[PDB]
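Student: Take this structure first; my questions come after.
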Amino acid sequence: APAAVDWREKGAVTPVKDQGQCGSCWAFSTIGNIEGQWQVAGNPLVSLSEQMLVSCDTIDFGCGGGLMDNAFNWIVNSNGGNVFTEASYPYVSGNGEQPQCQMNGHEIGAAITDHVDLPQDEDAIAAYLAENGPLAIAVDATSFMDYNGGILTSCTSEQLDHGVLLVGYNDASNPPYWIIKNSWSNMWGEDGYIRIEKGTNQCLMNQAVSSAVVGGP
Ligand SMILES: N#CC1(NC(=O)[C@@H]2Cc3ccc(c(Cl)c3)OCCCCOc3cc(C(F)(F)F)ccc3C(=O)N2)CC1
């Protein structure tokens with residue numbers, strides 16, 4: 001793969017968002033991956049709706065949690081592949097309240113046809129990332145809680161518990177690192193991002209990487 005990839009420079013990544021007091025990381029990760037894959041496939045960047053998943057995805061558990069693979073499946077099998085825009089279906093669950101599913105009054109911003117699960121291999125993940133755009137991943141976020149900047153090199157890596165968005169990497173750094181977009185506002189980390197070392201499976205980053213497919217069979 002290339003020595004470095006940063007999908008934020010290419011217009012494939014929306015501004016950092018804030019899940020607030022709701023366990024909706026899984027929906028932020030899903031949506032950020034779709035926003036990325038849609039733009040990289042040749043469409044103008046559009047912000048898409050986490051609220052749609054929180055409120056409408058019957059496989060997952062709203063603010064009680066979920067899985068990106070389940071959200072991808074819901075979008076395709078229950079919503080015809082379609083994803084509403086953020087502007088037309090705004091995120092209101094930051095206070096932890098969960099309105100009922102509203103299917104009316106929205107605009108469709110993107111469509112997906114399937115999803116894929118990547119192998120547990122940092123080089124496969126880098127290549128897929130470099131070709132296709134930002135990826136949904138899960139991490140052990142124990143080390144995220146006290147992060148204030150820099151490259152994490154001894155991240156606790158015991159149990160997955162948080163969904164995030166993998167947006168790039170830089171191999172020409174000592175040490176090499178991955179670039180991850182979090183959903184804890186731009187007041188957390190490096191304006192909402194974190195860097196973790198690449199090549200050492202930091203935070204178990206390789207364990208559950210997935211992506212939507214745009215314009216597939
Ligand atoms: N933000 C947030 C919260 N955490 C999560 O959403 C994590 C976010 C999360 C955590 C771990 C992850 C993934 Cl892919 C996401 O990879 C390991 C998955 C273990 C199974 O975790 C879940 C399974 C389900 C279920 F299968 F029942 F649908 C639902 C939720 C999780 C889960 O623990 N999701 C506090 C709810």
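Starting from 1 in every chain, residues are counted up; chains themselves are A, B, ... following the order of the structure tokens, and ligands are numbered from 1 as listed.
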Name each residue within 10 Å of ligand 1, counting only C-alpha atoms and all ligand atoms, as a PDB file with N, CA and C atoms, in the first residue's frame.
Tutor:
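Below you can see selection_16.pdb, which holds the result:
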ATOM      1  N   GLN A  19     -21.481  11.476  20.196  1.00  0.00           N
ATOM      2  CA  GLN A  19     -22.557  10.547  20.503  1.00  0.00           C
ATOM      3  C   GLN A  19     -23.275  10.954  21.803  1.00  0.00           C
ATOM      4  N   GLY A  20     -22.624  11.790  22.611  1.00  0.00           N
ATOM      5  CA  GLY A  20     -23.204  12.238  23.917  1.00  0.00           C
ATOM      6  C   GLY A  20     -23.491  11.085  24.879  1.00  0.00           C
ATOM      7  N   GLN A  21     -24.565  11.162  25.647  1.00  0.00           N
ATOM      8  CA  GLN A  21     -24.889  10.174  26.685  1.00  0.00           C
ATOM      9  C   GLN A  21     -25.773   9.057  26.118  1.00  0.00           C
ATOM     10  N   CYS A  22     -25.231   8.311  25.221  1.00  0.00           N
ATOM     11  CA  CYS A  22     -25.949   7.278  24.467  1.00  0.00           C
ATOM     12  C   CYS A  22     -24.916   6.309  24.012  1.00  0.00           C
ATOM     13  N   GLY A  23     -25.176   5.003  24.141  1.00  0.00           N
ATOM     14  CA  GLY A  23     -24.211   4.040  23.686  1.00  0.00           C
ATOM     15  C   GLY A  23     -24.339   3.707  22.189  1.00  0.00           C
ATOM     16  N   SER A  24     -24.106   4.711  21.357  1.00  0.00           N
ATOM     17  CA  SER A  24     -24.372   4.631  19.951  1.00  0.00           C
ATOM     18  C   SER A  24     -23.068   4.690  19.147  1.00  0.00           C
ATOM     19  N   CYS A  25     -21.931   4.440  19.782  1.00  0.00           N
ATOM     20  CA  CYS A  25     -20.644   4.293  19.040  1.00  0.00           C
ATOM     21  C   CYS A  25     -20.772   3.470  17.788  1.00  0.00           C
ATOM     22  N   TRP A  26     -21.491   2.358  17.866  1.00  0.00           N
ATOM     23  CA  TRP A  26     -21.665   1.430  16.755  1.00  0.00           C
ATOM     24  C   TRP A  26     -22.313   2.082  15.542  1.00  0.00           C
ATOM     25  N   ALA A  27     -23.240   2.977  15.809  1.00  0.00           N
ATOM     26  CA  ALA A  27     -23.907   3.708  14.745  1.00  0.00           C
ATOM     27  C   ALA A  27     -23.006   4.790  14.150  1.00  0.00           C
ATOM     28  N   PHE A  28     -22.250   5.498  14.965  1.00  0.00           N
ATOM     29  CA  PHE A  28     -21.265   6.438  14.462  1.00  0.00           C
ATOM     30  C   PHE A  28     -20.211   5.781  13.575  1.00  0.00           C
ATOM     31  N   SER A  29     -19.707   4.644  14.003  1.00  0.00           N
ATOM     32  CA  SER A  29     -18.743   3.899  13.206  1.00  0.00           C
ATOM     33  C   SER A  29     -19.323   3.462  11.818  1.00  0.00           C
ATOM     34  N   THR A  30     -20.549   2.932  11.852  1.00  0.00           N
ATOM     35  CA  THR A  30     -21.240   2.486  10.657  1.00  0.00           C
ATOM     36  C   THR A  30     -21.369   3.658   9.683  1.00  0.00           C
ATOM     37  N   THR A  58     -33.745  -2.410  14.235  1.00  0.00           N
ATOM     38  CA  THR A  58     -34.371  -3.354  15.123  1.00  0.00           C
ATOM     39  C   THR A  58     -33.484  -4.531  15.503  1.00  0.00           C
ATOM     40  N   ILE A  59     -32.330  -4.673  14.823  1.00  0.00           N
ATOM     41  CA  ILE A  59     -31.412  -5.706  15.176  1.00  0.00           C
ATOM     42  C   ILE A  59     -30.590  -5.280  16.392  1.00  0.00           C
ATOM     43  N   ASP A  60     -30.079  -4.084  16.317  1.00  0.00           N
ATOM     44  CA  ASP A  60     -29.290  -3.445  17.372  1.00  0.00           C
ATOM     45  C   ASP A  60     -30.217  -2.854  18.487  1.00  0.00           C
ATOM     46  N   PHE A  61     -29.611  -2.240  19.518  1.00  0.00           N
ATOM     47  CA  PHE A  61     -30.341  -1.902  20.769  1.00  0.00           C
ATOM     48  C   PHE A  61     -30.340  -0.401  21.085  1.00  0.00           C
ATOM     49  N   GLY A  62     -30.272   0.394  20.046  1.00  0.00           N
ATOM     50  CA  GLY A  62     -30.307   1.839  20.204  1.00  0.00           C
ATOM     51  C   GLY A  62     -29.166   2.332  21.082  1.00  0.00           C
ATOM     52  N   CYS A  63     -29.484   3.186  22.081  1.00  0.00           N
ATOM     53  CA  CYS A  63     -28.471   3.665  22.992  1.00  0.00           C
ATOM     54  C   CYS A  63     -27.961   2.559  23.931  1.00  0.00           C
ATOM     55  N   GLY A  64     -28.557   1.389  23.925  1.00  0.00           N
ATOM     56  CA  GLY A  64     -28.000   0.285  24.705  1.00  0.00           C
ATOM     57  C   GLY A  64     -26.852  -0.460  24.029  1.00  0.00           C
ATOM     58  N   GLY A  65     -26.587  -0.164  22.754  1.00  0.00           N
ATOM     59  CA  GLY A  65     -25.447  -0.663  22.057  1.00  0.00           C
ATOM     60  C   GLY A  65     -25.783  -1.389  20.795  1.00  0.00           C
ATOM     61  N   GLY A  66     -24.750  -1.827  20.096  1.00  0.00           N
ATOM     62  CA  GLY A  66     -24.946  -2.505  18.813  1.00  0.00           C
ATOM     63  C   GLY A  66     -23.673  -2.926  18.133  1.00  0.00           C
ATOM     64  N   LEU A  67     -23.808  -3.471  16.913  1.00  0.00           N
ATOM     65  CA  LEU A  67     -22.678  -3.900  16.127  1.00  0.00           C
ATOM     66  C   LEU A  67     -22.768  -3.354  14.730  1.00  0.00           C
ATOM     67  N   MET A  68     -21.623  -2.956  14.179  1.00  0.00           N
ATOM     68  CA  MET A  68     -21.622  -2.343  12.820  1.00  0.00           C
ATOM     69  C   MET A  68     -22.149  -3.347  11.781  1.00  0.00           C
ATOM     70  N   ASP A  69     -21.788  -4.634  11.907  1.00  0.00           N
ATOM     71  CA  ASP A  69     -22.259  -5.624  10.957  1.00  0.00           C
ATOM     72  C   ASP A  69     -23.787  -5.719  11.021  1.00  0.00           C
ATOM     73  N   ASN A  70     -24.378  -5.611  12.223  1.00  0.00           N
ATOM     74  CA  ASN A  70     -25.814  -5.674  12.338  1.00  0.00           C
ATOM     75  C   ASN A  70     -26.441  -4.471  11.659  1.00  0.00           C
ATOM     76  N   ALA A  71     -25.819  -3.290  11.824  1.00  0.00           N
ATOM     77  CA  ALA A  71     -26.358  -2.062  11.213  1.00  0.00           C
ATOM     78  C   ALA A  71     -26.319  -2.162   9.677  1.00  0.00           C
ATOM     79  N   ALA A 136     -14.970   0.804   9.211  1.00  0.00           N
ATOM     80  CA  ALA A 136     -15.469   0.613  10.576  1.00  0.00           C
ATOM     81  C   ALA A 136     -14.639  -0.374  11.326  1.00  0.00           C
ATOM     82  N   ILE A 137     -14.181   0.010  12.512  1.00  0.00           N
ATOM     83  CA  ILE A 137     -13.393  -0.926  13.324  1.00  0.00           C
ATOM     84  C   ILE A 137     -13.891  -0.926  14.777  1.00  0.00           C
ATOM     85  N   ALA A 138     -13.481  -1.955  15.510  1.00  0.00           N
ATOM     86  CA  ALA A 138     -13.722  -2.004  16.954  1.00  0.00           C
ATOM     87  C   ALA A 138     -12.402  -2.010  17.624  1.00  0.00           C
ATOM     88  N   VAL A 139     -12.348  -1.368  18.800  1.00  0.00           N
ATOM     89  CA  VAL A 139     -11.156  -1.345  19.642  1.00  0.00           C
ATOM     90  C   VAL A 139     -11.460  -1.655  21.072  1.00  0.00           C
ATOM     91  N   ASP A 140     -10.389  -1.997  21.824  1.00  0.00           N
ATOM     92  CA  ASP A 140     -10.408  -1.903  23.256  1.00  0.00           C
ATOM     93  C   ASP A 140     -10.167  -0.411  23.588  1.00  0.00           C
ATOM     94  N   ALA A 141     -11.184   0.293  24.130  1.00  0.00           N
ATOM     95  CA  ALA A 141     -11.032   1.694  24.382  1.00  0.00           C
ATOM     96  C   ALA A 141     -10.553   2.111  25.801  1.00  0.00           C
ATOM     97  N   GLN A 159      -9.999  -6.530  25.456  1.00  0.00           N
ATOM     98  CA  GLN A 159     -11.379  -6.838  25.081  1.00  0.00           C
ATOM     99  C   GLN A 159     -11.955  -5.690  24.260  1.00  0.00           C
ATOM    100  N   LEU A 160     -12.520  -6.047  23.117  1.00  0.00           N
ATOM    101  CA  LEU A 160     -13.163  -5.034  22.273  1.00  0.00           C
ATOM    102  C   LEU A 160     -14.367  -4.453  23.002  1.00  0.00           C
ATOM    103  N   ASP A 161     -14.561  -3.148  22.892  1.00  0.00           N
ATOM    104  CA  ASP A 161     -15.727  -2.533  23.494  1.00  0.00           C
ATOM    105  C   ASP A 161     -16.205  -1.203  22.870  1.00  0.00           C
ATOM    106  N   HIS A 162     -15.619  -0.796  21.759  1.00  0.00           N
ATOM    107  CA  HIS A 162     -15.969   0.495  21.214  1.00  0.00           C
ATOM    108  C   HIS A 162     -15.789   0.493  19.712  1.00  0.00           C
ATOM    109  N   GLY A 163     -16.764   1.009  18.964  1.00  0.00           N
ATOM    110  CA  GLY A 163     -16.680   1.162  17.532  1.00  0.00           C
ATOM    111  C   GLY A 163     -16.200   2.543  17.148  1.00  0.00           C
ATOM    112  N   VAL A 164     -15.253   2.613  16.227  1.00  0.00           N
ATOM    113  CA  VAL A 164     -14.628   3.849  15.751  1.00  0.00           C
ATOM    114  C   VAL A 164     -14.419   3.787  14.253  1.00  0.00           C
ATOM    115  N   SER A 183     -16.030   9.493  18.216  1.00  0.00           N
ATOM    116  CA  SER A 183     -17.356  10.102  18.244  1.00  0.00           C
ATOM    117  C   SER A 183     -17.609  10.698  19.646  1.00  0.00           C
ATOM    118  N   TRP A 184     -16.566  11.316  20.219  1.00  0.00           N
ATOM    119  CA  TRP A 184     -16.603  11.911  21.568  1.00  0.00           C
ATOM    120  C   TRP A 184     -16.383  13.405  21.505  1.00  0.00           C
ATOM    121  N   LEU A 204      -6.358  -4.041  19.827  1.00  0.00           N
ATOM    122  CA  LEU A 204      -7.043  -5.095  19.079  1.00  0.00           C
ATOM    123  C   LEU A 204      -7.730  -4.579  17.868  1.00  0.00           C
ATOM    124  N   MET A 205      -7.137  -3.561  17.266  1.00  0.00           N
ATOM    125  CA  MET A 205      -7.704  -2.870  16.121  1.00  0.00           C
ATOM    126  C   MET A 205      -7.995  -3.763  14.888  1.00  0.00           C
ATOM    127  N   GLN A 207      -9.325  -6.760  14.850  1.00  0.00           N
ATOM    128  CA  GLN A 207     -10.118  -7.940  15.163  1.00  0.00           C
ATOM    129  C   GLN A 207     -11.484  -7.959  14.519  1.00  0.00           C
ATOM    130  N   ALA A 208     -12.049  -6.783  14.290  1.00  0.00           N
ATOM    131  CA  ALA A 208     -13.439  -6.667  13.794  1.00  0.00           C
ATOM    132  C   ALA A 208     -13.594  -5.451  12.888  1.00  0.00           C
ATOM    133  N   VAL A 209     -12.921  -5.545  11.748  1.00  0.00           N
ATOM    134  CA  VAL A 209     -12.944  -4.481  10.735  1.00  0.00           C
ATOM    135  C   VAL A 209     -13.925  -4.807   9.666  1.00  0.00           C
ATOM    136  N   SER A 210     -14.783  -3.851   9.323  1.00  0.00           N
ATOM    137  CA  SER A 210     -15.780  -4.097   8.307  1.00  0.00           C
ATOM    138  C   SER A 210     -16.028  -2.881   7.453  1.00  0.00           C
TER     139      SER A 210
END
Student: Can you tell me which residues surround residue A:178 at a distance of at most 8 Å, considering only C-alpha atoms, apart from same-chain residues fewer than 6 positions away, and format the answer as a PyMOL selection string?
Tutor: chain A and resi 166-170+195-198
Student: Keeping only C-alpha atoms, write the selected residues to a file as an mmCIF file, in the first residue's frame.
Tutor:
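Final output, saved to selection.cif:
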data_model
loop_
_atom_site.group_PDB
_atom_site.id
_atom_site.type_symbol
_atom_site.label_atom_id
_atom_site.label_comp_id
_atom_site.auth_asym_id
_atom_site.auth_seq_id
_atom_site.Cartn_x
_atom_site.Cartn_y
_atom_site.Cartn_z
ATOM 1 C CA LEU A 166 -10.227 4.146 10.702
ATOM 2 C CA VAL A 167 -9.360 7.046 8.340
ATOM 3 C CA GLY A 168 -5.715 6.670 7.535
ATOM 4 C CA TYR A 169 -2.194 5.786 8.516
ATOM 5 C CA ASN A 170 1.381 7.005 8.170
ATOM 6 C CA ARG A 195 -3.218 7.957 16.652
ATOM 7 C CA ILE A 196 -2.196 4.442 17.559
ATOM 8 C CA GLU A 197 0.873 2.535 16.536
ATOM 9 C CA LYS A 198 0.500 0.451 13.339
#
Student: Pick the closest to residue A:39 from A:189, A:109, A:199, A:96: which is it, counting only C-alpha atoms?
Tutor: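 Ranking A:189, A:109, A:199, A:96 by distance to residue A:39, first place goes to A:109.
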Student: Just the residues within 6 Å of stretch 129-135 of chain A, please, counting only C-alpha atoms, with nothing from its chain fewer than 5 positions along; format it as a PDB file with N, CA, C and O atoms, in the first residue's frame.
Tutor:
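Result file selection.pdb:
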ATOM      1  N   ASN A  33     -18.243   5.072   8.149  1.00  0.00           N
ATOM      2  CA  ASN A  33     -17.760   4.214   7.092  1.00  0.00           C
ATOM      3  C   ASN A  33     -18.585   4.407   5.795  1.00  0.00           C
ATOM      4  O   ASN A  33     -18.015   4.539   4.686  1.00  0.00           O
ATOM      5  N   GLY A  36     -17.722   7.727   4.099  1.00  0.00           N
ATOM      6  CA  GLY A  36     -16.456   7.542   3.435  1.00  0.00           C
ATOM      7  C   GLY A  36     -16.522   6.734   2.166  1.00  0.00           C
ATOM      8  O   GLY A  36     -15.979   7.132   1.118  1.00  0.00           O
ATOM      9  N   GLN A  37     -17.168   5.569   2.227  1.00  0.00           N
ATOM     10  CA  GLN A  37     -17.210   4.718   1.058  1.00  0.00           C
ATOM     11  C   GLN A  37     -18.019   5.369  -0.070  1.00  0.00           C
ATOM     12  O   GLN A  37     -17.658   5.262  -1.247  1.00  0.00           O
ATOM     13  N   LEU A 165     -13.818   4.821  13.673  1.00  0.00           N
ATOM     14  CA  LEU A 165     -13.611   4.913  12.213  1.00  0.00           C
ATOM     15  C   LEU A 165     -12.142   5.065  11.907  1.00  0.00           C
ATOM     16  O   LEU A 165     -11.450   5.986  12.430  1.00  0.00           O
ATOM     17  N   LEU A 166     -11.622   4.149  11.136  1.00  0.00           N
ATOM     18  CA  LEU A 166     -10.227   4.146  10.702  1.00  0.00           C
ATOM     19  C   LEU A 166     -10.132   4.963   9.418  1.00  0.00           C
ATOM     20  O   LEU A 166     -10.800   4.610   8.462  1.00  0.00           O
ATOM     21  N   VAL A 167      -9.374   6.074   9.450  1.00  0.00           N
ATOM     22  CA  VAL A 167      -9.360   7.046   8.340  1.00  0.00           C
ATOM     23  C   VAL A 167      -8.054   7.164   7.571  1.00  0.00           C
ATOM     24  O   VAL A 167      -8.009   7.734   6.491  1.00  0.00           O
ATOM     25  N   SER A 211     -16.744  -3.066   6.353  1.00  0.00           N
ATOM     26  CA  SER A 211     -17.124  -1.958   5.510  1.00  0.00           C
ATOM     27  C   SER A 211     -18.375  -2.242   4.689  1.00  0.00           C
ATOM     28  O   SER A 211     -18.617  -3.333   4.157  1.00  0.00           O
TER      29      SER A 211
END
Student: Quick one: residues within 12 Å of residue A:152, only C-alpha atoms counted, chain neighbours fewer than 3 positions away excluded, as a list in words?
Tutor: residues 141, 142, 143, 144, 146, 147, 148, 149, 155, 156, 157, 174, 175, 176, 177, 178, 179, 180, 189, 193, 194, 195, 196, 197, 198, 200, 201, 202 and 203 of chain A
Student: Include N, CA and C atoms and write out the residues we just selected as a tab-separated table (two decimals), in the first residue's frame.
Tutor:
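Heads up, here's the output in result-v2.tsv:
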chain	number	residue	atom	x	y	z
A	141	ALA	N	-11.18	0.29	24.13
A	141	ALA	CA	-11.03	1.69	24.38
A	141	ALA	C	-10.55	2.11	25.80
A	142	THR	N	-10.08	1.16	26.61
A	142	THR	CA	-9.63	1.38	27.97
A	142	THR	C	-8.58	2.51	28.00
A	143	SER	N	-7.60	2.44	27.10
A	143	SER	CA	-6.59	3.49	26.94
A	143	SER	C	-7.10	4.84	26.32
A	144	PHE	N	-8.28	4.83	25.72
A	144	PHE	CA	-8.82	6.07	25.14
A	144	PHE	C	-9.25	7.08	26.20
A	146	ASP	N	-8.01	8.13	29.00
A	146	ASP	CA	-7.05	9.12	29.49
A	146	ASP	C	-6.15	9.72	28.40
A	147	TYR	N	-6.53	9.56	27.14
A	147	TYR	CA	-5.69	10.03	26.04
A	147	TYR	C	-5.79	11.54	25.88
A	148	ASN	N	-4.64	12.20	25.75
A	148	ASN	CA	-4.55	13.62	25.49
A	148	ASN	C	-3.69	13.98	24.29
A	149	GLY	N	-3.37	13.05	23.41
A	149	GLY	CA	-2.50	13.36	22.29
A	149	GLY	C	-1.29	12.43	22.17
A	155	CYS	N	-1.19	0.41	24.16
A	155	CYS	CA	-2.64	0.50	24.36
A	155	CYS	C	-3.10	-0.79	25.05
A	156	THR	N	-3.94	-0.74	26.09
A	156	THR	CA	-4.59	-1.94	26.59
A	156	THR	C	-5.40	-2.66	25.49
A	157	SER	N	-5.17	-3.96	25.36
A	157	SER	CA	-5.63	-4.76	24.23
A	157	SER	C	-6.14	-6.06	24.75
A	174	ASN	N	8.06	7.50	13.04
A	174	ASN	CA	8.73	6.68	14.02
A	174	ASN	C	8.00	6.91	15.29
A	175	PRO	N	7.08	6.02	15.67
A	175	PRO	CA	6.63	4.82	14.98
A	175	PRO	C	5.51	5.10	13.97
A	176	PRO	N	5.24	4.14	13.08
A	176	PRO	CA	4.15	4.18	12.14
A	176	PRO	C	2.85	4.23	12.92
A	177	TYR	N	1.82	4.89	12.38
A	177	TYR	CA	0.58	4.94	13.11
A	177	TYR	C	-0.65	4.87	12.23
A	178	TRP	N	-1.74	4.44	12.86
A	178	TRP	CA	-3.10	4.54	12.28
A	178	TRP	C	-3.76	5.85	12.80
A	179	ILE	N	-4.67	6.42	11.99
A	179	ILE	CA	-5.45	7.58	12.33
A	179	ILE	C	-6.90	7.15	12.50
A	180	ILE	N	-7.46	7.39	13.71
A	180	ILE	CA	-8.81	6.95	14.08
A	180	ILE	C	-9.67	8.16	14.48
A	189	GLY	N	-9.03	14.13	22.65
A	189	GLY	CA	-7.93	13.69	21.81
A	189	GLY	C	-7.34	14.80	20.99
A	193	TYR	N	-9.60	12.97	17.21
A	193	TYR	CA	-8.89	11.84	16.64
A	193	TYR	C	-7.91	11.27	17.60
A	194	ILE	N	-7.46	10.06	17.31
A	194	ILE	CA	-6.38	9.46	18.07
A	194	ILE	C	-5.44	8.75	17.08
A	195	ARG	N	-4.15	8.73	17.43
A	195	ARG	CA	-3.22	7.96	16.65
A	195	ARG	C	-2.76	6.80	17.51
A	196	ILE	N	-2.71	5.60	16.91
A	196	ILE	CA	-2.20	4.44	17.56
A	196	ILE	C	-1.16	3.77	16.71
A	197	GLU	N	-0.17	3.13	17.34
A	197	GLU	CA	0.87	2.54	16.54
A	197	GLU	C	0.30	1.46	15.61
A	198	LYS	N	0.85	1.43	14.38
A	198	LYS	CA	0.50	0.45	13.34
A	198	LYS	C	1.58	-0.67	13.29
A	200	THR	N	1.41	-3.57	15.42
A	200	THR	CA	1.46	-4.27	16.72
A	200	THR	C	0.07	-4.63	17.30
A	201	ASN	N	-0.93	-4.63	16.41
A	201	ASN	CA	-2.33	-4.77	16.77
A	201	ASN	C	-2.80	-4.02	18.01
A	202	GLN	N	-2.41	-2.77	18.06
A	202	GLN	CA	-2.77	-1.93	19.19
A	202	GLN	C	-4.28	-1.87	19.39
A	203	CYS	N	-4.70	-2.06	20.65
A	203	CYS	CA	-6.10	-1.91	21.05
A	203	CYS	C	-6.97	-2.98	20.36
Student: Based on the backbone DSSP call, show me all residues of stretch 35-215 of chain A assigned strand (DSSP E or B), as a PyMOL selection string.
Tutor: chain A and resi 48+82-85+108-111+114-117+135-139+151-152+162-170+177-181+184+190+193-197+210-213
Student: Those same residues - N, CA and C atoms - I'd like them written as a compact mmCIF listing (two decimals), in the first residue's frame.
Tutor:
# COMPACT_ATOMS: atom_id res chain seq x y z
N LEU A 48 -24.41 11.75 7.02
CA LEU A 48 -25.51 10.77 7.09
C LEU A 48 -25.94 10.61 8.57
N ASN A 82 -30.80 2.11 1.82
CA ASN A 82 -30.77 3.56 1.89
C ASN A 82 -30.37 4.13 3.27
N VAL A 83 -29.71 5.25 3.22
CA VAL A 83 -29.28 5.97 4.40
C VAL A 83 -29.67 7.42 4.31
N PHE A 84 -30.44 7.83 5.34
CA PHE A 84 -30.85 9.22 5.42
C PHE A 84 -29.75 10.21 5.75
N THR A 85 -29.96 11.41 5.29
CA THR A 85 -29.03 12.47 5.62
C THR A 85 -29.12 12.93 7.07
N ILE A 108 -32.83 10.83 1.34
CA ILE A 108 -31.81 9.73 1.26
C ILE A 108 -30.52 10.36 0.76
N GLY A 109 -29.42 10.20 1.49
CA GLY A 109 -28.12 10.79 1.14
C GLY A 109 -27.21 9.79 0.44
N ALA A 110 -27.41 8.50 0.70
CA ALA A 110 -26.51 7.42 0.22
C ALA A 110 -27.19 6.10 0.19
N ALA A 111 -26.60 5.20 -0.55
CA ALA A 111 -27.14 3.82 -0.64
C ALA A 111 -25.99 2.85 -0.67
N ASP A 114 -24.18 -3.98 0.18
CA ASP A 114 -23.76 -5.07 0.97
C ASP A 114 -22.74 -4.56 1.95
N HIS A 115 -22.11 -5.50 2.64
CA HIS A 115 -20.91 -5.15 3.50
C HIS A 115 -19.94 -6.31 3.46
N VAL A 116 -18.69 -6.05 3.88
CA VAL A 116 -17.68 -7.04 3.95
C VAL A 116 -17.01 -6.95 5.29
N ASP A 117 -16.47 -8.10 5.71
CA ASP A 117 -15.70 -8.20 6.89
C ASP A 117 -14.26 -8.49 6.46
N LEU A 135 -12.82 2.88 7.20
CA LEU A 135 -13.36 1.54 7.59
C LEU A 135 -13.92 1.58 8.99
N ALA A 136 -14.97 0.80 9.21
CA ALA A 136 -15.47 0.61 10.58
C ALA A 136 -14.64 -0.37 11.33
N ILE A 137 -14.18 0.01 12.51
CA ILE A 137 -13.39 -0.93 13.32
C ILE A 137 -13.89 -0.93 14.78
N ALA A 138 -13.48 -1.96 15.51
CA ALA A 138 -13.72 -2.00 16.95
C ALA A 138 -12.40 -2.01 17.62
N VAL A 139 -12.35 -1.37 18.80
CA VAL A 139 -11.16 -1.35 19.64
C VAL A 139 -11.46 -1.65 21.07
N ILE A 151 1.05 9.36 19.82
CA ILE A 151 0.83 8.03 19.30
C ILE A 151 0.83 7.04 20.48
N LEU A 152 -0.28 6.32 20.66
CA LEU A 152 -0.39 5.24 21.63
C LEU A 152 0.42 4.02 21.23
N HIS A 162 -15.62 -0.80 21.76
CA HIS A 162 -15.97 0.50 21.21
C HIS A 162 -15.79 0.49 19.71
N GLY A 163 -16.76 1.01 18.96
CA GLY A 163 -16.68 1.16 17.53
C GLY A 163 -16.20 2.54 17.15
N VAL A 164 -15.25 2.61 16.23
CA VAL A 164 -14.63 3.85 15.75
C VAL A 164 -14.42 3.79 14.25
N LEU A 165 -13.82 4.82 13.67
CA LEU A 165 -13.61 4.91 12.21
C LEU A 165 -12.14 5.07 11.91
N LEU A 166 -11.62 4.15 11.14
CA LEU A 166 -10.23 4.15 10.70
C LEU A 166 -10.13 4.96 9.42
N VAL A 167 -9.37 6.07 9.45
CA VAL A 167 -9.36 7.05 8.34
C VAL A 167 -8.05 7.16 7.57
N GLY A 168 -7.01 6.62 8.15
CA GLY A 168 -5.71 6.67 7.54
C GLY A 168 -4.63 6.06 8.34
N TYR A 169 -3.39 6.26 7.84
CA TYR A 169 -2.19 5.79 8.52
C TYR A 169 -1.01 6.55 7.94
N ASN A 170 0.10 6.46 8.64
CA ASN A 170 1.38 7.01 8.17
C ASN A 170 2.49 6.03 8.54
N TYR A 177 1.82 4.89 12.38
CA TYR A 177 0.58 4.94 13.11
C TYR A 177 -0.65 4.87 12.23
N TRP A 178 -1.74 4.44 12.86
CA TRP A 178 -3.10 4.54 12.28
C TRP A 178 -3.76 5.85 12.80
N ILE A 179 -4.67 6.42 11.99
CA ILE A 179 -5.45 7.58 12.33
C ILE A 179 -6.90 7.15 12.50
N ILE A 180 -7.46 7.39 13.71
CA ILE A 180 -8.81 6.95 14.08
C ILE A 180 -9.67 8.16 14.48
N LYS A 181 -10.83 8.26 13.87
CA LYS A 181 -11.88 9.25 14.19
C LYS A 181 -12.80 8.66 15.28
N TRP A 184 -16.57 11.32 20.22
CA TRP A 184 -16.60 11.91 21.57
C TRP A 184 -16.38 13.41 21.50
N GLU A 190 -6.93 14.45 19.75
CA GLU A 190 -6.31 15.41 18.83
C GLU A 190 -7.45 15.85 17.96
N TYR A 193 -9.60 12.97 17.21
CA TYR A 193 -8.89 11.84 16.64
C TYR A 193 -7.91 11.27 17.60
N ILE A 194 -7.46 10.06 17.31
CA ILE A 194 -6.38 9.46 18.07
C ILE A 194 -5.44 8.75 17.08
N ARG A 195 -4.15 8.73 17.43
CA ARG A 195 -3.22 7.96 16.65
C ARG A 195 -2.76 6.80 17.51
N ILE A 196 -2.71 5.60 16.91
CA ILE A 196 -2.20 4.44 17.56
C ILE A 196 -1.16 3.77 16.71
N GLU A 197 -0.17 3.13 17.34
CA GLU A 197 0.87 2.54 16.54
C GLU A 197 0.30 1.46 15.61
N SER A 210 -14.78 -3.85 9.32
CA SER A 210 -15.78 -4.10 8.31
C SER A 210 -16.03 -2.88 7.45
N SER A 211 -16.74 -3.07 6.35
CA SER A 211 -17.12 -1.96 5.51
C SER A 211 -18.38 -2.24 4.69
N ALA A 212 -19.14 -1.18 4.49
CA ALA A 212 -20.16 -1.20 3.48
C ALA A 212 -19.55 -1.26 2.11
N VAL A 213 -20.32 -1.79 1.19
CA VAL A 213 -20.05 -1.78 -0.27
C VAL A 213 -21.02 -0.88 -0.94
Student: As a ChimeraX atom specification, please: all residues of stretch 101-153 of chain A that backbone DSSP puts in helix (DSSP H, G or I).
Tutor: /A:122-132,142-144
Student: Mind pulling up the distance from atom CA of residue A:89 to atom CA of residue A:51?
Tutor: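 Result for atom CA of residue A:51 versus atom CA of residue A:89: 6.5 Å, one decimal.
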Student: So that I can check the surroundings of residue A:45, please list as a list in words every protein, DNA and RNA residue that reaches within 8 Å of it, counting only C-alpha atoms and ignoring chain neighbours fewer than 4 positions away.
Tutor: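 After dropping sequence-adjacent residues, the list is residues 11, 12, 13, 14, 35, 36, 38 and 39 of chain A.
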Student: Would you mind exporting the chosen residues as a CSV table (one decimal), in the first residue's frame, restricted to C-alpha atoms?
Tutor:
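Below you can see part.csv, which holds the result:
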chain,number,residue,atom,x,y,z
A,11,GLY,CA,-12.9,15.0,1.4
A,12,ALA,CA,-14.1,11.6,2.4
A,13,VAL,CA,-14.5,12.3,6.2
A,14,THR,CA,-17.1,14.6,7.8
A,35,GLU,CA,-20.0,8.5,4.4
A,36,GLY,CA,-16.5,7.5,3.4
A,38,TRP,CA,-19.9,6.8,-0.7
A,39,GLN,CA,-17.7,9.8,-1.2
